[PDB]
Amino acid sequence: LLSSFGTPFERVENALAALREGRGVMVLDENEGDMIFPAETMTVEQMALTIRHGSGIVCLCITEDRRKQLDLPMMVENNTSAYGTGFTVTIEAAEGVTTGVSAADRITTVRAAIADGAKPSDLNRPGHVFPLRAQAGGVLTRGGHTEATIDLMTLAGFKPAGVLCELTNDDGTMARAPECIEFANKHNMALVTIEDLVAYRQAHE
């Protein structure tokens, strides 16, 4: 499917180069493709893009360290979700936003959460940005898009914080693999799969 885009390891390398250039990455894993960007570089336009063509449940993948720094509890005590998704309580920047919902507000909230020296008070809760706490050990622990996001950010030289959202078709169905490729090509995003990244990590372990 992506072979035309290079071997698995080239795909990973290509994704890291895209991230370093501030572009997004379409990470594939029933296909689910997530658009991901580094939290440090994501722009208002990229956020608008993600709301318009994504599920609109735009998530901020963070480490357990960061979660604890922000004093953010996990959303539920007893996670009964099918995949054990690491949602914490939701967040909104305590300053610089109005309703929290616009692309510029969401990006404001992301930036507040990821800032060096960010404190709990910098964020009100609940809000319209959804932090996901990535499992320690990344994709080698849990082959989820959350873990893929953090691993790609750290491999690319960024802070371990990234933004993801599932690509959705206008008709409400989730974008199929070829549809993800089309979108990636159209928006200058690299394409990689979670399996590619797991393989890359295992080879470099």
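Throughout, we count residues from 1 along the sequence that is shown.
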{"item": "Length class of the unmodelled deposited segment, which would lie between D29 and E30", "value": "4 to 9"}
{"item": "Between 53-61 and 139-147 (mean CA B-factor, as deposited), the higher", "value": "139-147"}
{"item": "Which of 6-14 and 178-186 has higher mean CA B factor, as the PDB entry lists it", "value": "6-14"}
{"item": "Largest Cα B-factor, entry values, listed residues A104, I114, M75, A93", "value": "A93"}
{"item": "For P131, the third of its chain into which the C-alpha B factor falls", "value": "lowest"}
{"item": "Chain thirds of CA B-factor: placement of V89", "value": "lowest"}
{"item": "Third of the chain's Cα B-factor distribution that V110 belongs to, per the entry", "value": "lowest"}
